[PDB]
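> Here you go, this is final34.txt (compact mmCIF, C-alpha atoms).
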# COMPACT_ATOMS: atom_id res chain seq x y z
CA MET A 1 138.38 -59.15 70.69
CA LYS A 2 141.23 -58.42 73.10
CA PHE A 3 144.49 -56.81 72.02
CA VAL A 4 147.73 -56.70 73.99
CA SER A 5 150.77 -54.64 73.00
CA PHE A 6 154.12 -55.37 74.64
CA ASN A 7 157.63 -54.07 74.07
CA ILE A 8 159.33 -57.25 75.28
CA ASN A 9 162.84 -55.87 74.86
CA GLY A 10 164.36 -59.22 73.87
CA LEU A 11 161.90 -61.98 73.03
CA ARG A 12 164.32 -64.87 73.59
CA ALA A 13 165.38 -63.46 76.95
CA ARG A 14 161.79 -63.31 78.23
CA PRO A 15 159.63 -66.29 77.16
CA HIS A 16 158.28 -66.27 80.71
CA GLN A 17 156.57 -62.90 80.29
CA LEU A 18 155.00 -63.87 76.96
CA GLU A 19 153.54 -67.04 78.53
CA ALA A 20 152.25 -64.96 81.46
CA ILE A 21 150.42 -62.62 79.07
CA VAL A 22 148.81 -65.59 77.29
CA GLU A 23 147.80 -67.33 80.53
CA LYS A 24 146.48 -64.22 82.22
CA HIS A 25 144.86 -62.43 79.27
CA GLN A 26 144.09 -65.10 76.66
CA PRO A 27 144.32 -62.32 74.02
CA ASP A 28 143.12 -62.64 70.42
CA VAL A 29 145.96 -60.48 69.10
CA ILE A 30 149.39 -59.73 70.59
CA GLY A 31 151.72 -57.11 69.11
CA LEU A 32 155.36 -57.35 70.20
CA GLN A 33 158.06 -54.71 69.77
CA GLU A 34 161.82 -54.83 70.22
CA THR A 35 161.97 -58.60 69.84
CA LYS A 36 165.70 -58.23 68.96
CA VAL A 37 165.88 -61.59 67.21
CA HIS A 38 166.93 -62.52 63.69
CA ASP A 39 164.18 -64.15 61.61
CA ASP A 40 166.10 -67.45 61.31
CA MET A 41 166.21 -67.57 65.13
CA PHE A 42 162.56 -66.65 65.83
CA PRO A 43 160.79 -69.12 68.25
CA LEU A 44 158.27 -70.34 65.66
CA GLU A 45 157.57 -73.73 67.28
CA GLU A 46 157.22 -72.15 70.71
CA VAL A 47 154.74 -69.57 69.46
CA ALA A 48 152.81 -72.24 67.53
CA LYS A 49 152.65 -74.31 70.72
CA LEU A 50 151.05 -71.31 72.47
CA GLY A 51 148.25 -71.52 69.90
CA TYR A 52 149.10 -68.52 67.71
CA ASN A 53 149.71 -67.74 64.06
CA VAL A 54 152.63 -65.35 63.80
CA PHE A 55 154.06 -62.81 61.37
CA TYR A 56 157.37 -61.18 62.19
CA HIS A 57 160.54 -59.45 61.07
CA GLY A 58 163.66 -58.19 62.83
CA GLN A 59 167.45 -58.45 62.93
CA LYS A 60 169.97 -59.72 65.50
CA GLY A 61 170.02 -57.57 68.63
CA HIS A 62 168.01 -54.64 67.24
CA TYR A 63 164.42 -53.59 66.46
CA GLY A 64 161.98 -56.33 65.57
CA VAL A 65 158.21 -56.70 65.62
CA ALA A 66 155.83 -59.67 65.60
CA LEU A 67 152.06 -59.96 65.40
CA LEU A 68 150.51 -63.04 67.03
CA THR A 69 146.91 -63.81 66.11
CA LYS A 70 144.55 -66.63 67.09
CA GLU A 71 142.60 -66.29 63.81
CA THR A 72 144.23 -66.20 60.36
CA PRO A 73 144.49 -62.71 58.83
CA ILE A 74 143.19 -61.84 55.39
CA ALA A 75 146.44 -59.98 54.64
CA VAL A 76 149.60 -59.08 56.49
CA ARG A 77 152.78 -57.23 55.56
CA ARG A 78 155.88 -55.67 57.05
CA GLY A 79 156.24 -51.91 56.70
CA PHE A 80 153.81 -49.70 54.76
CA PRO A 81 154.01 -50.10 50.96
CA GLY A 82 157.21 -48.51 49.71
CA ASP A 83 158.98 -48.57 53.11
CA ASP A 84 162.70 -49.29 53.39
CA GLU A 85 164.34 -52.23 55.16
CA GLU A 86 164.59 -50.53 58.55
CA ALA A 87 160.90 -49.55 58.59
CA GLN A 88 160.07 -53.17 57.73
CA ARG A 89 161.68 -54.22 61.03
CA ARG A 90 159.45 -51.74 62.89
CA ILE A 91 155.95 -52.12 61.44
CA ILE A 92 153.55 -54.97 60.77
CA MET A 93 150.10 -54.27 59.34
CA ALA A 94 147.23 -56.75 59.07
CA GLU A 95 143.58 -57.09 58.10
CA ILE A 96 141.82 -59.24 60.73
CA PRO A 97 138.38 -60.62 59.87
CA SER A 98 135.25 -60.28 61.99
CA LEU A 99 131.75 -61.46 61.07
CA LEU A 100 130.56 -58.16 59.57
CA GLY A 101 133.79 -56.46 58.50
CA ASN A 102 137.58 -56.30 58.69
CA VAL A 103 139.71 -54.58 61.30
CA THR A 104 142.97 -53.01 60.14
CA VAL A 105 145.65 -53.52 62.77
CA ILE A 106 148.98 -51.70 62.75
CA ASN A 107 151.70 -52.74 65.21
CA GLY A 108 154.61 -50.34 65.38
CA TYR A 109 157.90 -49.85 67.18
CA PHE A 110 158.35 -46.11 66.73
CA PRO A 111 161.89 -44.58 66.76
CA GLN A 112 162.80 -43.24 70.21
CA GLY A 113 164.51 -40.19 68.64
CA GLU A 114 167.01 -39.62 71.47
CA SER A 115 167.17 -35.83 71.25
CA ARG A 116 165.95 -32.97 69.08
CA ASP A 117 169.51 -32.30 67.89
CA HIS A 118 170.52 -35.84 66.89
CA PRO A 119 171.18 -35.47 63.14
CA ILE A 120 169.84 -38.93 62.30
CA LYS A 121 167.46 -40.29 64.97
CA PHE A 122 165.14 -37.30 65.29
CA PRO A 123 164.47 -36.89 61.55
CA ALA A 124 163.95 -40.66 61.45
CA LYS A 125 161.25 -40.31 64.11
CA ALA A 126 159.57 -37.37 62.32
CA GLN A 127 159.57 -39.27 59.03
CA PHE A 128 158.15 -42.39 60.66
CA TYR A 129 155.14 -40.43 61.91
CA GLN A 130 154.80 -38.68 58.54
CA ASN A 131 154.68 -42.07 56.76
CA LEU A 132 151.98 -43.31 59.13
CA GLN A 133 149.93 -40.12 58.69
CA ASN A 134 150.20 -40.36 54.91
CA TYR A 135 149.14 -44.01 54.91
CA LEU A 136 146.09 -43.20 57.03
CA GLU A 137 145.03 -40.26 54.88
CA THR A 138 145.55 -41.92 51.51
CA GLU A 139 144.39 -45.53 52.18
CA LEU A 140 142.00 -45.55 55.11
CA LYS A 141 138.78 -43.84 56.22
CA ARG A 142 138.03 -42.66 59.76
CA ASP A 143 134.83 -44.71 59.53
CA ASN A 144 136.74 -47.98 59.07
CA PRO A 145 137.70 -50.01 62.18
CA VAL A 146 141.38 -49.24 62.71
CA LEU A 147 143.61 -50.11 65.65
CA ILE A 148 147.12 -48.67 65.96
CA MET A 149 149.17 -50.14 68.80
CA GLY A 150 152.76 -50.13 69.88
CA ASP A 151 155.56 -48.27 71.56
CA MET A 152 154.96 -44.72 70.28
CA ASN A 153 157.82 -43.26 72.29
CA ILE A 154 155.70 -40.16 72.91
CA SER A 155 153.72 -39.23 76.05
CA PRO A 156 150.59 -37.56 74.58
CA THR A 157 149.75 -35.32 77.55
CA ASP A 158 151.32 -34.32 80.85
CA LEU A 159 149.09 -36.82 82.66
CA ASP A 160 151.36 -39.43 80.99
CA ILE A 161 154.56 -38.11 82.63
CA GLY A 162 155.49 -39.41 86.06
CA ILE A 163 159.23 -38.76 86.22
CA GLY A 164 158.74 -35.58 88.26
CA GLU A 165 158.48 -31.85 87.48
CA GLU A 166 162.18 -31.05 87.72
CA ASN A 167 163.08 -33.95 85.45
CA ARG A 168 160.32 -33.07 83.00
CA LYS A 169 161.68 -29.54 82.67
CA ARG A 170 165.31 -30.67 82.38
CA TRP A 171 164.36 -33.04 79.53
CA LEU A 172 162.59 -30.20 77.70
CA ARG A 173 165.50 -27.80 78.31
CA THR A 174 168.01 -30.30 76.93
CA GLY A 175 165.76 -31.44 74.07
CA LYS A 176 165.56 -35.07 75.23
CA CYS A 177 162.80 -36.95 73.35
CA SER A 178 159.42 -38.19 74.65
CA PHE A 179 157.28 -35.10 75.15
CA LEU A 180 158.79 -32.25 73.12
CA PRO A 181 156.35 -29.75 71.54
CA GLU A 182 157.23 -31.03 68.03
CA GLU A 183 156.54 -34.60 69.13
CA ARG A 184 153.18 -33.59 70.62
CA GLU A 185 152.36 -31.93 67.27
CA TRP A 186 152.85 -35.23 65.42
CA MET A 187 150.73 -37.02 67.99
CA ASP A 188 147.95 -34.41 67.81
CA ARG A 189 147.91 -34.65 64.03
CA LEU A 190 147.59 -38.44 64.31
CA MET A 191 144.70 -38.23 66.81
CA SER A 192 142.96 -35.59 64.69
CA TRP A 193 142.68 -38.09 61.83
CA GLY A 194 140.06 -39.74 64.04
CA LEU A 195 141.76 -41.89 66.68
CA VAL A 196 140.95 -42.31 70.37
CA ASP A 197 143.61 -43.11 72.99
CA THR A 198 141.71 -46.01 74.59
CA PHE A 199 143.31 -45.94 78.04
CA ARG A 200 143.09 -42.15 78.32
CA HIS A 201 139.46 -42.09 77.16
CA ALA A 202 138.45 -44.70 79.74
CA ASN A 203 140.56 -43.06 82.44
CA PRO A 204 140.29 -39.33 81.74
CA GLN A 205 141.85 -38.09 85.00
CA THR A 206 144.36 -40.83 85.89
CA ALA A 207 147.86 -39.39 86.31
CA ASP A 208 149.57 -42.36 87.96
CA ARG A 209 149.62 -45.17 85.36
CA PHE A 210 152.65 -45.55 83.13
CA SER A 211 153.94 -48.16 80.69
CA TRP A 212 157.69 -47.58 80.74
CA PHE A 213 160.06 -47.41 83.74
CA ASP A 214 163.83 -46.96 83.45
CA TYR A 215 165.98 -49.87 84.64
CA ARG A 216 168.99 -48.00 86.09
CA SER A 217 166.99 -45.53 88.15
CA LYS A 218 164.67 -48.29 89.47
CA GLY A 219 161.72 -46.24 88.26
CA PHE A 220 159.19 -49.03 88.64
CA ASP A 221 159.58 -49.05 92.44
CA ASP A 222 158.48 -45.41 92.79
CA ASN A 223 156.05 -45.54 89.87
CA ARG A 224 158.24 -43.00 88.06
CA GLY A 225 157.71 -43.64 84.37
CA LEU A 226 156.08 -42.51 81.14
CA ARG A 227 153.00 -43.82 79.35
CA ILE A 228 154.32 -44.26 75.81
CA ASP A 229 152.77 -47.63 74.86
CA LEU A 230 149.35 -46.93 73.40
CA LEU A 231 146.32 -48.50 71.75
CA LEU A 232 144.67 -45.98 69.41
CA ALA A 233 141.30 -46.94 67.94
CA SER A 234 139.05 -45.32 65.36
CA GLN A 235 135.45 -44.34 66.22
CA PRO A 236 133.51 -47.58 65.54
CA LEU A 237 136.05 -49.58 67.54
CA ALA A 238 136.44 -47.04 70.35
CA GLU A 239 132.67 -47.10 70.97
CA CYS A 240 133.02 -50.83 71.83
CA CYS A 241 135.97 -50.56 74.20
CA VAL A 242 134.84 -52.15 77.47
CA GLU A 243 138.18 -52.54 79.25
CA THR A 244 141.67 -51.04 79.14
CA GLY A 245 144.72 -51.49 81.33
CA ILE A 246 148.45 -51.51 81.92
CA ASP A 247 149.74 -54.68 83.56
CA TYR A 248 151.87 -53.78 86.57
CA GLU A 249 151.74 -57.39 87.75
CA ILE A 250 153.62 -58.62 84.67
CA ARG A 251 156.10 -55.74 85.03
CA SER A 252 156.66 -57.09 88.59
CA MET A 253 158.06 -60.41 87.32
CA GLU A 254 161.67 -61.55 87.51
CA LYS A 255 163.97 -60.47 84.64
CA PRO A 256 161.25 -58.19 83.23
CA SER A 257 161.20 -55.91 80.20
CA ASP A 258 161.34 -52.21 81.16
CA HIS A 259 157.87 -51.88 79.59
CA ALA A 260 154.58 -53.09 81.06
CA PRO A 261 152.13 -54.73 78.64
CA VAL A 262 149.07 -52.63 77.74
CA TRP A 263 145.70 -53.94 76.57
CA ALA A 264 142.22 -53.02 75.31
CA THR A 265 139.14 -55.23 75.04
CA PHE A 266 136.45 -54.60 72.44
CA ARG A 267 133.07 -56.26 72.79
CA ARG A 268 129.55 -55.32 71.69
Written as structure tokens, that's how I'd like the structure from this file.

Amino acid sequence: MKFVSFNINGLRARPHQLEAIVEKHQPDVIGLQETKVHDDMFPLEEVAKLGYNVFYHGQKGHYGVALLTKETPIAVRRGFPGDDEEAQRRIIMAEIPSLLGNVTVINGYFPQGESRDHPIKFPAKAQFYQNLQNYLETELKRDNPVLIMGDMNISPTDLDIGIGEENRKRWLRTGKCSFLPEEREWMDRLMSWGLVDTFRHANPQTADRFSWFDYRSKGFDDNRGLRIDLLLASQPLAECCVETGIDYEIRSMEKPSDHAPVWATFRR
């Protein structure tokens, strides 16, 4: 079962990248973030033509998530139970069937946060992680197959930072979000529940693979980016991970999203 996560940054502006992912990877499940399209305008026929079932929610020009699956899910919903409207445009959760059990899949577009001192965006980010943590602890078990994917907007370790030492320190000094100590705390708490960062686990010493590169600075050319798009899997799933990757080739396409698609393949 292959999973691909991709912050497309405008689904209707980049049908070419979505088709490329399907052709190249033939994935069983695709989680999209920042689709930026209103539900009434979602490319339902186009997605159906690609051979996928799809569940989605977003609003015009902002947020938006979609979960494309080859097989039909047992259950799917937007947001965690009790979540507000905004959270519903940032999270899709599903139970995907397999012969001997179900896999819980969570696709999220986590708040960027902007800066530690932003009176609205930073609390929103903290609360988003708190809601996820609480869902995990109250409804799931570390022994269940769970896969959390998406744009986390947090670089878990320093091996995930490629913008340069001086820039790294300036960001910390000014409180710019991505790798603040508070943010790392939320991420560590999440991992401690019993999740494995698939790419990092398969590539324990790689310090030159990133998933996001800033447009304006032309970061992709110099490989100056951050690895903030992750695929976190619980124990029983992590044990079966045979391949992981970040697709630089797709990020090399014309009119590309600033994010590279990331993937993980599970096979026993």
> With only C-alpha atoms as the counted atoms, please give the residues lying no more than 6 Å from residue 90 (chain A), apart from itself and same-chain residues fewer than 2 positions off, as JSON, numbers by chain.
{"A": [64, 65, 87, 88, 108, 109]}
> Using Å and a single decimal, report how far CA of residue 168 (chain A) sits from CA of residue 117 (chain A).
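Distance between the two atoms: 17.7 Å.
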> Of the candidates A:140, A:103, A:93, A:163, which shows the shortest atom-to-atom distance to residue 57 (chain A), using all atoms listed in the file?
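Smallest distance to residue 57 (chain A) is found for A:93.
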> Could you state the separation of CA of residue 73 (chain A) and CA of residue 96 (chain A) in Å, given to one decimal place?
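CA of residue 96 (chain A) lies 4.8 Å from CA of residue 73 (chain A).
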> Restricting the calculation to only C-alpha atoms, which member of A:236, A:225, A:15, A:156 is positioned closest to residue 182 (chain A)?
A:156
> In terms of the shortest atom-to-atom distance over all atoms listed in the file, which of A:243, A:258, A:45, A:151 is closest to residue 218 (chain A)?
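Nearest to residue 218 (chain A): A:258.
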> Give the answer as one residue: which of A:10, A:68, A:48, A:125 has the shortest atom-to-atom distance to residue 27 (chain A), using only C-alpha atoms?
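Counting only C-alpha atoms, the residue closest to residue 27 (chain A) is A:68.
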> Hey, could you make a per-residue contact list for region 95-160 of chain A against region 263-267 of chain A with 12 Å as the cut-off, showing the nearest pair of atoms and its distance in Å to one decimal, counting all atoms listed in the file, sorted by chain and number, as a tab-separated table?

residue	atom	partner	partner_atom	distance
A:98	CA	A:267	CA	11.7
A:103	CA	A:266	CA	11.6
A:145	CA	A:266	CA	11.3
A:147	CA	A:264	CA	10.2
A:148	CA	A:264	CA	11.4
A:149	CA	A:263	CA	9.3
A:150	CA	A:263	CA	10.4
> Report, in Å to a single decimal, how far apart CA of residue 193 (chain A) and CA of residue 135 (chain A) are.
11.2 Å
> Please provide as a list in words all residues within 12 Å of residue 244 (chain A), with the sequence filter that same-chain residues fewer than 4 positions apart are discarded (counting only C-alpha atoms).
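Here the answer would be residues 2, 3, 4, 5, 25, 197, 198, 199, 200, 201, 202, 203, 209, 230, 231, 232, 233, 238, 240, 261, 262, 263, 264, 265, 266 and 267 of chain A.
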> Could you write out the selected residues, including C-alpha atoms, as a JSON list (two decimals), in the coordinates of the input?

[["chain", "number", "residue", "atom", "x", "y", "z"],
["A", 2, "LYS", "CA", 141.23, -58.42, 73.10],
["A", 3, "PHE", "CA", 144.49, -56.81, 72.02],
["A", 4, "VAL", "CA", 147.73, -56.70, 73.99],
["A", 5, "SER", "CA", 150.77, -54.64, 73.00],
["A", 25, "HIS", "CA", 144.86, -62.43, 79.27],
["A", 197, "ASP", "CA", 143.61, -43.11, 72.99],
["A", 198, "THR", "CA", 141.71, -46.01, 74.59],
["A", 199, "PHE", "CA", 143.31, -45.94, 78.04],
["A", 200, "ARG", "CA", 143.09, -42.15, 78.32],
["A", 201, "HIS", "CA", 139.46, -42.09, 77.16],
["A", 202, "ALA", "CA", 138.45, -44.70, 79.74],
["A", 203, "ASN", "CA", 140.56, -43.06, 82.44],
["A", 209, "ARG", "CA", 149.62, -45.17, 85.36],
["A", 230, "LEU", "CA", 149.35, -46.93, 73.40],
["A", 231, "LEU", "CA", 146.32, -48.50, 71.75],
["A", 232, "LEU", "CA", 144.67, -45.98, 69.41],
["A", 233, "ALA", "CA", 141.30, -46.94, 67.94],
["A", 238, "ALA", "CA", 136.44, -47.04, 70.35],
["A", 240, "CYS", "CA", 133.02, -50.83, 71.83],
["A", 261, "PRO", "CA", 152.13, -54.73, 78.64],
["A", 262, "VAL", "CA", 149.07, -52.63, 77.74],
["A", 263, "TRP", "CA", 145.70, -53.94, 76.57],
["A", 264, "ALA", "CA", 142.22, -53.02, 75.31],
["A", 265, "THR", "CA", 139.14, -55.23, 75.04],
["A", 266, "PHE", "CA", 136.45, -54.60, 72.44],
["A", 267, "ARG", "CA", 133.07, -56.26, 72.79]]
> Have region 77-106 of chain A completed to N, CA and C atoms, please, and pass it along as a compact mmCIF listing (two decimals), in the frame of the given file.

# COMPACT_ATOMS: atom_id res chain seq x y z
N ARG A 77 151.54 -57.66 56.19
CA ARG A 77 152.78 -57.23 55.56
C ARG A 77 153.66 -56.49 56.56
N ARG A 78 154.93 -56.37 56.21
CA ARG A 78 155.88 -55.67 57.05
C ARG A 78 156.14 -54.32 56.39
N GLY A 79 156.07 -53.26 57.20
CA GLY A 79 156.24 -51.91 56.70
C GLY A 79 155.02 -51.49 55.88
N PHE A 80 154.89 -50.19 55.62
CA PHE A 80 153.81 -49.70 54.76
C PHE A 80 154.37 -49.88 53.35
N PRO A 81 153.51 -49.93 52.33
CA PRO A 81 154.01 -50.10 50.96
C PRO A 81 155.05 -49.03 50.65
N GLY A 82 156.16 -49.45 50.04
CA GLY A 82 157.21 -48.51 49.71
C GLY A 82 158.22 -48.21 50.81
N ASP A 83 158.05 -48.79 52.00
CA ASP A 83 158.98 -48.57 53.11
C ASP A 83 160.32 -49.28 52.93
N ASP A 84 161.37 -48.70 53.48
CA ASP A 84 162.70 -49.29 53.39
C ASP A 84 162.87 -50.45 54.38
N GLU A 85 164.03 -51.09 54.32
CA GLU A 85 164.34 -52.23 55.16
C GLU A 85 164.19 -51.96 56.65
N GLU A 86 164.72 -50.84 57.13
CA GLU A 86 164.59 -50.53 58.55
C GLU A 86 163.14 -50.42 59.01
N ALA A 87 162.32 -49.71 58.24
CA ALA A 87 160.90 -49.55 58.59
C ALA A 87 160.21 -50.91 58.62
N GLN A 88 160.66 -51.84 57.77
CA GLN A 88 160.07 -53.17 57.73
C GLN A 88 160.35 -53.98 59.00
N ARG A 89 161.35 -53.56 59.77
CA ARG A 89 161.68 -54.22 61.03
C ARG A 89 161.00 -53.49 62.19
N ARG A 90 160.14 -52.52 61.87
CA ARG A 90 159.45 -51.74 62.89
C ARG A 90 157.94 -51.66 62.76
N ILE A 91 157.40 -52.19 61.66
CA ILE A 91 155.95 -52.12 61.44
C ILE A 91 155.38 -53.38 60.81
N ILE A 92 154.26 -53.84 61.35
CA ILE A 92 153.55 -54.97 60.77
C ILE A 92 152.12 -54.48 60.70
N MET A 93 151.49 -54.69 59.55
CA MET A 93 150.10 -54.27 59.34
C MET A 93 149.29 -55.49 58.91
N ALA A 94 148.06 -55.60 59.40
CA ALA A 94 147.23 -56.75 59.07
C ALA A 94 145.75 -56.42 58.99
N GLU A 95 145.03 -57.22 58.21
CA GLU A 95 143.58 -57.09 58.10
C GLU A 95 143.03 -58.34 58.79
N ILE A 96 142.39 -58.14 59.94
CA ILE A 96 141.82 -59.24 60.73
C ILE A 96 140.33 -59.30 60.47
N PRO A 97 139.81 -60.49 60.15
CA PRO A 97 138.38 -60.62 59.87
C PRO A 97 137.49 -60.72 61.10
N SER A 98 136.28 -60.20 60.96
CA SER A 98 135.25 -60.28 61.99
C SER A 98 134.01 -60.58 61.14
N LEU A 99 132.96 -61.09 61.78
CA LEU A 99 131.75 -61.46 61.07
C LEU A 99 131.24 -60.44 60.05
N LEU A 100 131.10 -59.19 60.47
CA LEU A 100 130.56 -58.16 59.57
C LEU A 100 131.55 -57.13 59.01
N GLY A 101 132.84 -57.43 59.02
CA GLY A 101 133.79 -56.46 58.50
C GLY A 101 135.21 -56.82 58.88
N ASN A 102 136.17 -56.06 58.38
CA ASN A 102 137.58 -56.30 58.69
C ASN A 102 138.12 -55.19 59.56
N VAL A 103 139.07 -55.54 60.42
CA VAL A 103 139.71 -54.58 61.30
C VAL A 103 141.15 -54.47 60.83
N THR A 104 141.59 -53.25 60.56
CA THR A 104 142.97 -53.01 60.14
C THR A 104 143.77 -52.79 61.41
N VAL A 105 144.81 -53.59 61.59
CA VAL A 105 145.65 -53.52 62.77
C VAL A 105 147.06 -53.14 62.36
N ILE A 106 147.62 -52.15 63.04
CA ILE A 106 148.98 -51.70 62.75
C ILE A 106 149.75 -51.78 64.06
